[PDB]
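What follows is a set of notes on a single structure, which appears directly below.
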Amino acid sequence: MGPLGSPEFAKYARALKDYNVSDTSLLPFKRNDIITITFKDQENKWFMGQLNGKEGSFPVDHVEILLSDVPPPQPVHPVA
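Reading the sequence shown from the start, the letters are residues 1 to 80 in the entry's author numbering.
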(Lines of atoms letter the chains of each structure in order from A; the text may use other names.)
(Lines give C-alpha, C1' and ligand atoms only; values in the text may rest on other atoms or scores of the structure.)
Protein backbone atom coordinates (compact mmCIF):
# COMPACT_ATOMS: atom_id res chain seq x y z
CA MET A 1 0.00 0.00 0.00
CA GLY A 2 1.59 3.31 -1.07
CA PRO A 3 -0.83 6.24 -1.45
CA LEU A 4 -3.89 6.39 0.84
CA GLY A 5 -6.76 5.17 -1.37
CA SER A 6 -10.02 5.35 0.61
CA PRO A 7 -13.63 6.32 -0.13
CA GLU A 8 -13.47 9.63 1.79
CA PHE A 9 -15.96 12.01 0.12
CA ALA A 10 -19.63 13.11 0.11
CA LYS A 11 -22.59 13.67 -2.25
CA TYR A 12 -25.72 14.88 -0.41
CA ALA A 13 -26.52 16.71 2.86
CA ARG A 14 -29.49 17.46 5.16
CA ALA A 15 -29.77 20.80 7.02
CA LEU A 16 -30.05 19.98 10.74
CA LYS A 17 -31.83 23.30 11.47
CA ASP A 18 -32.94 26.62 9.93
CA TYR A 19 -30.17 28.76 8.41
CA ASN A 20 -30.22 32.47 7.46
CA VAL A 21 -27.90 34.49 5.16
CA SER A 22 -27.68 38.16 4.09
CA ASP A 23 -25.70 38.68 0.85
CA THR A 24 -27.85 37.51 -2.12
CA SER A 25 -25.21 34.76 -2.57
CA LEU A 26 -25.95 32.10 0.09
CA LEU A 27 -28.56 29.33 0.42
CA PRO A 28 -31.00 29.85 3.31
CA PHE A 29 -33.28 26.95 4.31
CA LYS A 30 -35.21 25.35 7.20
CA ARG A 31 -34.49 22.42 9.56
CA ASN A 32 -34.82 18.82 8.25
CA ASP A 33 -34.01 19.98 4.69
CA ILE A 34 -32.11 17.90 2.09
CA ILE A 35 -29.36 20.19 0.74
CA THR A 36 -28.38 18.77 -2.68
CA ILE A 37 -24.60 19.20 -2.32
CA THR A 38 -23.69 20.53 -5.79
CA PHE A 39 -20.05 21.47 -5.05
CA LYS A 40 -18.05 20.97 -1.83
CA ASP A 41 -15.99 23.99 -0.70
CA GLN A 42 -13.82 23.37 2.39
CA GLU A 43 -15.41 20.01 3.34
CA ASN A 44 -15.61 21.46 6.88
CA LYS A 45 -16.51 25.19 6.82
CA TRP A 46 -18.74 26.24 3.89
CA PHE A 47 -20.67 24.03 1.44
CA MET A 48 -22.14 24.86 -2.00
CA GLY A 49 -25.58 23.22 -2.20
CA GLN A 50 -28.96 23.88 -3.83
CA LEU A 51 -32.62 22.82 -3.31
CA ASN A 52 -36.13 24.19 -4.09
CA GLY A 53 -35.08 26.95 -6.55
CA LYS A 54 -32.20 27.86 -4.20
CA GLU A 55 -28.42 27.62 -4.67
CA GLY A 56 -25.68 29.14 -2.47
CA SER A 57 -23.68 28.17 0.64
CA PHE A 58 -24.10 27.14 4.31
CA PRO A 59 -21.80 26.38 7.29
CA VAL A 60 -21.25 22.78 8.48
CA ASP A 61 -22.64 23.92 11.87
CA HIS A 62 -26.12 22.87 10.64
CA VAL A 63 -25.90 20.33 7.78
CA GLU A 64 -25.22 16.57 7.80
CA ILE A 65 -23.71 14.62 4.90
CA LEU A 66 -25.45 11.65 3.24
CA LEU A 67 -22.89 9.38 1.55
CA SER A 68 -25.51 6.75 0.62
CA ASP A 69 -27.15 9.46 -1.54
CA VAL A 70 -30.63 8.24 -0.51
CA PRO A 71 -33.62 10.61 -0.79
CA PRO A 72 -35.22 10.85 2.66
CA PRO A 73 -38.79 11.95 3.39
CA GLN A 74 -38.89 15.78 3.19
CA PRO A 75 -41.82 18.20 3.46
CA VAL A 76 -42.72 20.58 0.59
CA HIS A 77 -44.55 23.89 1.14
CA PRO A 78 -43.84 27.04 -0.88
CA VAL A 79 -44.35 29.92 1.59
CA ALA A 80 -46.39 32.83 0.17
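Ideal Cβ placement from N, Cα and C applies to all residues, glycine included.
Here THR38 has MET48, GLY49, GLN50 and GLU55 as same chain residues with Cβ atoms under 8 Å from its own Cβ, once five neighbours each way along the sequence are excluded. Between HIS62 and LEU26, the gap from beta carbon to beta carbon reaches 8 Å or more. Separation of the CB atoms of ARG31 and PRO72 is rounded to 13 Å, and the pair is thereby denied contact status at 8 Å. Burial state of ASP33 is buried, judged by a 10 Å Cβ sphere holding 16 or more other Cβ atoms. Within the DSSP bridge table, the entry for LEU51 names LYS54 as partners.
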